[PDB]
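Below are the chains, spelled out letter by letter.
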Number of protein chains: 2
Amino acid sequence: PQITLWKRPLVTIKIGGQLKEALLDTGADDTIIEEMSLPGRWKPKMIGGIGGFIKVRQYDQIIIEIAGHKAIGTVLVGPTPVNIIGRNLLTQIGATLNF
Amino acid sequence: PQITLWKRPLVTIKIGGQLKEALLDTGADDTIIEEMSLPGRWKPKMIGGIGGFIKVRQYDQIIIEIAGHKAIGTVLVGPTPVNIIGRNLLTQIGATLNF
Ligand SMILES: CC(C)CN(C[C@@H](O)[C@H](Cc1ccccc1)NC(=O)O[C@H]1CO[C@H]2OCC[C@H]21)S(=O)(=O)c1ccc(N)cc1
Ligand SMILES: CC(C)CN(C[C@@H](O)[C@H](Cc1ccccc1)NC(=O)O[C@H]1CO[C@H]2OCC[C@H]21)S(=O)(=O)c1ccc(N)cc1
Ligand SMILES: [Cl-]
Ligand SMILES: [Cl-]
Ligand SMILES: [Cl-]
């Protein structure tokens, strides 16, 4: 698609048997969601945002469908106020920002 | 241009006759610039993301040039670690996400 930005660019994502939605976020280096069903052990990671820094749960090799496109990569679980697809996965689906 | 997302999508901006650089951020609802002087009256606001909220000054109807393209709209000023062009100004230059 060619997505305008008058509203948040939310898309359907799928992980395992869970359908969720997430914000395509060109300003995010990494993907973060609030919850993933029964995802096993993580590795701790720190990341920054505008308000300070948060502890997150790093999961590697996650198979995730994003707007109908398959990606496989790292998904963080943490206290993000909105689920975000960051550049680590945007590049896998071939997303570009155009003007 | 067509901007791939293997690195942060930073572009040149001009605001207040000053050349700066900012992140094109589809995850940001509104634009936030590091501390600088802007004309007109401002209003106090707060904005939120990862790690919580920050206090900002809201300036309305500010001219800006984003990668050579003029936009006019609301600019927040405050303690962001990176200058961010959010959707309120990305829409003014016709930016889209394409995949
Ligand atoms: C978290 C989003 C819903 C909102 N944010 C925009 C977002 O793109 C920020 C924009 C951003 C970018 C750098 C530093 C701070 C904020 N990225 C971000 O927090 O990404 C984090 C996950 O990947 C990591 O890479 C960048 C920081 C980490 S935000 O900066 O908090 C923000 C919120 C509201 C407005 N109006 C403007 C900006
Ligand atoms: C972007 C900032 C300028 C926003 N300001 C937040 C304020 O707390 C700043 C935040 C702040 C902190 C340090 C440096 C700059 C701004 N403090 C400030 O201006 O302190 C002044 C008093 O001491 C002086 O030395 C520091 C600046 C001067 S603020 O305009 O007063 C304001 C207040 C409340 C809200 N919600 C929104 C805005
Ligand atoms: Cl709509
Ligand atoms: Cl979708
Ligand atoms: Cl589990």
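In the nomenclature of the PDB entry, chain A is known as HIV-1 Protease of Human immunodeficiency virus 1.

What follows is about the overall build of chain A. Across its full length, chain A holds one helix and nine strands. The order of helices and strands in chain A, counted from the N terminus, is β-β-β-β-β-β-β-β-α-β. In summary, chain A has a C-alpha radius of gyration of 13 Å against a globular reference of 13 Å for 99 residues, a match within 12%. Here chain A, with 99 residues, has 45% of them falling under the buried criterion.

Moving on, we come to the site of ligand 2. All names here are of chain B. Lining the immediate environment of ligand 2, one finds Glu35, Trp42, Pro44, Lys45, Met46, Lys55, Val56, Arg57, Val77 and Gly78. Between a nitrogen atom of ligand 2 and a main-chain N or O atom of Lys45, the distance comes to 3.3 Å. Expressed as a share of its isolated accessible area of 700 Å², the protein-covered part of ligand 2 is 41%. Within the shell around ligand 2, the residues separate by chemical class into five nonpolar, one polar and four charged.

This part covers the environment of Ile66 of chain A. Residues and elements named next belong to chain A. Relative to the helices and strands, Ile66 resides in strand β6 (residues 52-66). Remark: the alpha-carbon pair of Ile66 and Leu90, spanning 24 residues in sequence, is separated by 8.9 Å. If near-sequence neighbours (up to four positions away) are discounted, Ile66 is found in contact with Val11, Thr12, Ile13, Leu24, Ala71, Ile85, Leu89 and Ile93.

Attention now goes to the nonpolar core. As a rule of thumb, soluble globular proteins bury nonpolar side chains together. By size, the foremost hydrophobic cluster in this structure holds 46 residues, and its most contacted members are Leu24, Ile66 and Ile85 of chain A together with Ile13, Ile15, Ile66 and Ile85 of chain B. Aside from chain neighbours lying at most four places away, what touches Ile85 of chain A is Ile13, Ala22, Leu23, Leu24, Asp25, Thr31, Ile64, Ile66 and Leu90 of chain A. Counting nine residues, the second-largest nonpolar core is a separate cluster that includes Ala28, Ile32 and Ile54 of chain A together with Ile50 of chain B.

Looking now at the pattern of salt bridges. Residues and elements named next belong to chain A. Overall, the coordinates contain five salt bridges over all chains when judged by the stated rule. The shortest N-O distance in the salt bridge between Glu35 and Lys20 comes to 2.9 Å. Here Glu35 is found in the loop between β4 (32-33) and β5 (43-49), whereas its partner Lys20 is found in strand β3 (residues 18-24), with 15 residues between them in sequence. In this structure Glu35 comes out as partly exposed when scored by relative accessible area, which is 37%. Here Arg87 ties to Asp29 by a salt bridge, and the two come within 2.9 Å at their closest N and O atoms. Taken together, the residues span a long stretch of sequence, with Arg87 in helix α1 (residues 87-90) and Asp29 in the loop between β3 and β4 at a distance of 58 residues. The buried category is assigned to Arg87, whose relative accessible area is 10%. Judged by relative accessible area, which is 30%, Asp29 ranks as partly exposed.

Here we take up the relation of the copies chain A and chain B. Expressed as a screw operation, the relation of chain A to chain B combines 0.1 Å of axial shift with a rotation of 177°, fitting to an RMSD of 1.1 Å. Expressed as an axis order, the relation between the two copies is that of a two-fold axis. A high fraction, 97%, of the interface residues of chain A reappear at the interface in chain B, so the copies pair face to face through one surface.

One frequently used descriptor of interface size is the decrease in accessible area upon assembly of the parts. Contacts between the two partners involve 38 residues from chain A, matched on the other side by 39 residues from chain B. At the boundary of chain A with chain B, total buried surface from both sides reaches about 3600 Å², with 63% on carbon and sulfur atoms. When the area that chain A buries against chain B is broken down by residue, the three leading residues are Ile50, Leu97 and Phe99 of chain A, summing to 25%. At the boundary of chain A and chain B, one finds two salt bridges. For the salt bridge of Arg8 of chain A with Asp29 of chain B, the shortest nitrogen-to-oxygen distance reads 3.0 Å. Our enumeration of links across chain A and chain B arrives at 21 residue pairs in polar contact. Residue assignment for the side of chain A that touches chain B shows that the elements contributing at least two residues are β1 (2-3), β3, β5, β6, α1 and β9 (96-98) of chain A. Among the residues making up the side of chain A that touches chain B, the classes are represented as 19 nonpolar, 14 polar and five charged. Bridge count for β9 of chain A against strand β1 (residues 2-3) of chain B is two bridges, and the pairing is antiparallel. Across the sheet, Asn98 of chain A pairs through a bridge with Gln2 of chain B, a residue of β1 of chain B.

Calculation notes
- Residues numbered from 1 in each chain as written, not as in the entry; some residues may be left out.
- Chains lettered and ligands numbered in written order.
- Heavy atoms only, no water.
- Helix = DSSP H or I, 4+ residues; strand = E, 2+ residues; numbered from the N terminus.
- Rg over C-alpha atoms; globule rule 2.2 N^0.38 Å.
- Buried < 20%, exposed > 50% of the residue type's maximum accessible area, 1.4 Å probe, protein only.
- Near = heavy atom within 4 Å.
- Polar contact = N/O pair within 3.5 Å; in protein donor to acceptor, adjacent residues only side chain to side chain.
- Areas by Shrake-Rupley, 256 points an atom, 1.4 Å probe, with all protein chains shown as cover.
- Nonpolar A, V, L, I, M, F, W, Y, C, P; charged D, E, K, R; others polar.
- Contact = heavy atoms within 4.5 Å.
- Core = buried A, V, L, I, M, F, W, Y, C linked by side-chain atoms within 4.5 Å.
- Salt bridge = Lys/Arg side-chain N within 4 Å of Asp/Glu carboxyl O.
- Least-squares fit on C-alpha atoms.
- Buried area = accessible area lost by both parts, 1.4 Å probe.
- Pairing = 2+ DSSP bridges.

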